[PDB]
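# Structural description and commentary
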Amino acid sequence: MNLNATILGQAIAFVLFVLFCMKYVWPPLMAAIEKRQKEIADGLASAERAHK
Amino acid sequence: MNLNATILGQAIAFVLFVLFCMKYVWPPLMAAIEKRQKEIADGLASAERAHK
Amino acid sequence: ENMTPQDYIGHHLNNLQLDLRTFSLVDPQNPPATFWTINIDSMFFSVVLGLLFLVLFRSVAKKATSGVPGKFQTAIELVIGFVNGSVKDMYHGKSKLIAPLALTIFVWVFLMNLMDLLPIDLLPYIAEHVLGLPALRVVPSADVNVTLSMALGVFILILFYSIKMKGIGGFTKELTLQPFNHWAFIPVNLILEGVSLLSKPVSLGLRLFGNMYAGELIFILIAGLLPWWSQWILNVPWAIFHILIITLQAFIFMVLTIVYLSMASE
Amino acid sequence: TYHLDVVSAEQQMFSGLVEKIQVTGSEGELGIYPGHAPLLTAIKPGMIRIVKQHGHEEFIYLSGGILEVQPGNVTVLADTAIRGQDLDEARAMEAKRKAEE
Amino acid sequence: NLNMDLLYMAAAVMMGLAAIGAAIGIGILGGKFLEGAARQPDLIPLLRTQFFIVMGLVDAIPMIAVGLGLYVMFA
Amino acid sequence: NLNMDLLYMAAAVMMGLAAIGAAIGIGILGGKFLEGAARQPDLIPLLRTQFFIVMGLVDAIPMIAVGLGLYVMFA
Amino acid sequence: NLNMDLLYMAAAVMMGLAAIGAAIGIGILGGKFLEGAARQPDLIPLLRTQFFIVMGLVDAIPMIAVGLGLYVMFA
Amino acid sequence: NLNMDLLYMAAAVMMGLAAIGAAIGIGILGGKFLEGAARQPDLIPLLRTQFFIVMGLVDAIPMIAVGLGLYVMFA
Amino acid sequence: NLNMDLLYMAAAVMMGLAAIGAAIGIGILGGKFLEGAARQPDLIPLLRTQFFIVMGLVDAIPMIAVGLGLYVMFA
Amino acid sequence: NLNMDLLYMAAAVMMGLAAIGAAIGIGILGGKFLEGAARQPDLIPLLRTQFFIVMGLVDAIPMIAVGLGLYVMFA
Amino acid sequence: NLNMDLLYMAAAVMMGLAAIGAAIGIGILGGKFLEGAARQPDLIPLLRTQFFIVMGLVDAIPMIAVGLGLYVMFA
Amino acid sequence: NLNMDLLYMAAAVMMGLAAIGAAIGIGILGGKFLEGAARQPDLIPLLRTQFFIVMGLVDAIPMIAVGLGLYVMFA
Amino acid sequence: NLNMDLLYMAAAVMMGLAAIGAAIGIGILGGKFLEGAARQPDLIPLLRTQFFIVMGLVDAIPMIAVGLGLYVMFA
Amino acid sequence: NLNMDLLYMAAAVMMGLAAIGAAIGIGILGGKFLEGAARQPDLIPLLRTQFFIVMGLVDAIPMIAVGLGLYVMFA
């Protein structure tokens, strides 16, 4: 049998695997990061005004 | 499958990475966290006597 | 190239061992002549993954601040959030070692498993057809000896922490009286409670290995048996599922480590 | 021992600290030992058995009501007269009859 | 010789047992989810997300036994 | 003796156990669904969509196991 | 010739498992439907429809195993 | 000659499995009828009609498997 | 010879499975009768009417199985 | 010849299925009696009569199996 | 002289099935004893004597099954 | 030859069945205890001592199945 | 030579029992976890750490049987 | 000779059944543990202590069958 078909198979699969990840998995990562990052911004705002 | 000397070889590699992150990575990170947790606490604490 | 599908499949199930008596690499045919025959591919990938965690983290560990973190630093301190959040409630003693123990297990175990999604034939090609290497496979955890070395490490730690924090005088009482507590049962008691202890690390080693061994084998079969169009549509759903497995096994090993030790010492 | 109160809307029937009781719940008999689980249920008309602390066993008739339990404090919200949807519907008709007059 | 097809009988037992193990164990889990979902319907995501954790492990072991079913069918 | 008839027997046990696993698992799942319907008639078009998503996780291992038995009808 | 009895032991196990798999599965489902009916009589005309939806899925997989029950009589 | 008594032995297996399927399925169904009936006996005539519908679906699939058991016994 | 042993072994599984199927089915159905009877004892005579009627449905399928088991044992 | 050993296994398997079917069936039945009996002390004498009546139905078909077990032990 | 190979097998299968039947049956019963105890601990003396009375029946067929297991094991 | 090879088959399968019984049973009885403790924790000592009495009877039948399992392993 | 094939078979049955044992056990345990979450959604992170204390023990014995199943595959 | 595989498979059956007994016994014990936690989280630190004692017994018999399964592999 030919094996060269494995190059097309594994290339196409890995692209589509990234498409699912980027559109559904990177957003929750970045959003839990943004949600965590906000605590420093609130903490600095509340500490600045309350030192003032 | 094969019972093998890799079980000793990995014991040496594991302990050295544990020591790498224990004595040089975790104390710096967790001190920066707990020092931030304190700093934000001062903001509410300052205002706590400011109005009261 | 005379590799029949069954034979092509064989080369991915075969390791790249040394032999210390002859100081030589194993070819794809010859057997392990002795115990002293380390699996070079599993170690080589396992330590490079270890360094790219330790280097990235130590770069940020030197630089972390109480202000707004850098975005990359934010993910590091967030995974420190998950780690510290688990440690923070399941552990109650003073010990330092517990937290970095759990951290270095979680992130390093994950790194081994994340490499499995990497295309199954690609990197063995640069192994064989570039640097002249008779075999490869690209998942450290799919080789039993790494999982046993870490799980027997935790077994050492179970003995060590438990004896440290209650001594032999009570450790003997627990290991012999339980579960029926009445003095005639003691000899039969210890048999059951002994092998119960040894079943704890074994549960770590087998479960972790088996999922990543059986993970890679499906990718071996996907590559070996099928035409290109049917390789991509079968590989996509399997990647979605293997995401979930390679994360959960890292999380389970972490939690179980802390729980197993906590159960003995606290 | 636990603090029990048996009360009704008009008057408080009984109270104090108690070793245990036996009560006819809507589904069946229940015994409140010291520190029993949280509970809510309706209770049937009849005698209920009290054993007050220091063992003074007693009978209280109740025309029904609600039982609640939590480990330190327990109470029974007793009704005064036999309650039935049919009987209350009969009273509702009786009430209208007066309105006409 | 028959020997290749005796292994087909081995894989048949192993995969069928896996199919019971999978679909019963998730059917128990899914039943408690759907009954709960009718009683607590705002929070069906919060149930769903945790449900998929349990589903992951429940299917993982029958996936191995089906794998060994694939393996032994090829021998 | 029986080489071809034993692979047909291998598909018999495999196709039978696969029928059990599926049929019970979605039977339990549907039963707990019908208690939700019998209690909360305002939720039913939501609940049905949740029923199908869970049922999309129930049937997979059975649907593999029938596959290798039909492949043994190719064999 | 011995091949004939191996078809019937195959045919018996395929059909017999499939007969259990369906019969318990709809039996369980039918029990939750009846007390749902005992709770909520005006829903029973609705619940008749809902019951039959789940019945189709519980049949679908064993229907494969009985179909092969014909093909082993064909064999 | 081994053949005739194996054929009837396998046919009896197919019958015996289907008899448990039927017996347990109406047993489980029948429990939810009797305990529901005990709360409100005026429903028991209404509920009996509902019993006979649900049981009517349950005893389709086993009664086929017993009918094939008699058809294999015939010839 | 095999032929006597296969006849009585076929009969032993027919009675063995019919013994489980009926004993579990009546045991389940009876447990729901004993719970209901604790609820209200004046129902227990009314409940016996429904218990024996519904037990006749449960009994009818296993009673085929033991009749055919005995007929094939005698034949 | 084999006729001694097989008959013990023949009585052993049939006695095993009878032993399960009995002990589960009254185990289920007797459990619901203890729950119902704990509900209502007035009823425990009344309910005790019903426990024995219903138990007599469950134990019949297992007794046919263990009776035939002794008959085959002797014969 | 093979025959004692099945004589060790016949004792093992019948004791194993009786070990499941007994341990599940009183195991189910013993849980309902504990429910009744926690519901009314003044009746743990009455429910414990009752539990012993009921469990005498539950083990009876398995108690004969272990006795035949001893007989076939020694002889 | 075969008598000693099958001696391995018997003692192992007897203990496998007894390990089911002796662990399902006190798991069930374990869940009702751990619930009863969560109900009435003043009676965890009283329930635990009560629970030991019930457990000893559960174990009694399975312990003898290990006893025979080792006696066949020794002899 | 049959020595090879029957070793293949012995792994496949041992594997299927371990797959069923794990998949059902954590399915049951996970179902009560999802009931707790739907009842009490404030505590779900606390319950999550409880559910994983228990889940590892359910897996422990089935994973040993997988370890022997893979060794009898490997050797 | 083949007798070497049948003594190995004897370990395989001992392991297989013992793994189901221990897995489900721990799972039912664990499922009711979560119902205690679902009502009352302040109890769960107590309840982990009593759970581990009761779980200790659930292992006591299956762990014997585990070890003998390991020995029978080596011997």
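Residues numbered from 1 in each chain as written, not as in the entry; some residues may be left out. Chains lettered and ligands numbered in written order. Part of a larger assembly, values for the part shown. Heavy atoms only, no water. Residues with missing side-chain atoms left out of burial classes, pairs and counts.

The record names cryo-EM as the way this model was obtained, at a resolution of 3.6 Å.

## Considering the pattern of salt bridges
When charged atoms on two side chains of opposite charge get close, those side chains can pair. This structure, assessed with the given rule, holds 26 salt bridges over all chains. Residue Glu 58 of chain D is joined to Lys 52 of chain D by a salt bridge in which the shortest nitrogen-to-oxygen separation is 2.8 Å. Take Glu 58 of chain D: its relative accessible area is 25%, and that puts it in the partly exposed class. Residues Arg 39 of chain M and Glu 35 of chain M are paired through a salt bridge, measuring 3.0 Å at the closest nitrogen-oxygen approach. Linking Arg 39 of chain M with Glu 35 of chain M, this pair stays in helix 1 (residues 2–39), spanning 4 residues, or about one helical turn. For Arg 39 of chain M, a relative accessible area of 46% gives the class partly exposed. Connected via shared salt-bridge partners are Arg 36 and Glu 39 of chain A, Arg 36 of chain B together with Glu 77 of chain C. (Salt bridge = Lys/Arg side-chain N within 4 Å of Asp/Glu carboxyl O. Buried < 20%, exposed > 50% of the residue type's maximum accessible area, 1.4 Å probe, protein only. Helix = DSSP H or I, 4+ residues; strand = E, 2+ residues; numbered from the N terminus.)

## Describing the packing of aromatic side chains
Residue and element names in this part refer to chain C. All told, the structure shown has 38 aromatic pairs over all chains when counted by the stated rule. Within the aromatic cluster, the residues linked to one another by ring pairs are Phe 219, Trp 238 and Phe 241. Over the ring of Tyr 260 we find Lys 200; its NZ or CZ atom is 4.5 Å from the centre of that ring. (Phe/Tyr/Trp six-rings, centres within 6.5 Å; stacked < 30°, edge-to-face > 60°. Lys NZ or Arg CZ within 6 Å of the ring centre and 35° of its normal.)

## Digging into the packing of helix 2 (residues 44–58) of chain K against helix 2 (residues 44–74) of chain L
Between helix 2 of chain K and helix 2 of chain L, the shortest axis-to-axis distance is 12 Å and the interhelical angle comes to 10°. By the angle class used here, helix 2 of chain K and helix 2 of chain L are roughly parallel. Taken together, the residues of helix 2 of chain L that come into contact with helix 2 of chain K (itself represented by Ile 44, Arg 48, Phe 51, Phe 52 and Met 55 of chain K) are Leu 46, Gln 50, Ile 53, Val 54 and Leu 57 of chain L. Class assignment of the residues belonging to the contact of helix 2 of chain K with helix 2 of chain L gives a composition of 8 nonpolar, 1 polar and 1 charged. (Axes fitted to C-alpha atoms, helices over the stretch in contact; angles between N-to-C directions. Parallel < 35°, antiparallel > 145°, perpendicular 65-115°, else oblique. Contact = heavy atoms within 4.5 Å. Nonpolar A, V, L, I, M, F, W, Y, C, P; charged D, E, K, R; others polar.)

## A look at the environment of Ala 5 of chain B
For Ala 5 of chain B, the location among the structural elements is in the segment before helix 1 (6–22). Taking C-alpha positions, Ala 5 of chain B is 42 Å from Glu 34 of chain B, a pair spaced 29 residues apart along the chain. Here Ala 5 of chain B is in contact with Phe 35, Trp 36, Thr 37 and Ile 38 of chain C, once residues within four sequence places are set aside.

## Description of the interface of chain C and chain B
Taken together, the contact between chain C and chain B spans 42 residues of the former and 28 residues of the latter. Listing elements by their share of the side of chain C that touches chain B, those giving two or more residues are helix 2 (40–61), helix 3 (71–90), helix 4 (98–114) and helix 6 (144–177) of chain C. If you tally residues by element for the side of chain C that touches chain B, the top one is helix 2 of chain C, at 11 residues.

## Notes on helix 1 (residues 3–39) of chain I
Here helix 1 of chain I spans 55 Å end to end across 37 residues, near enough to the 54 Å set by a 1.5 Å rise per residue. With 30 of its 37 residues buried, helix 1 of chain I lies for the most part within the structure. (Expected span 1.5 Å × (residues − 1).)

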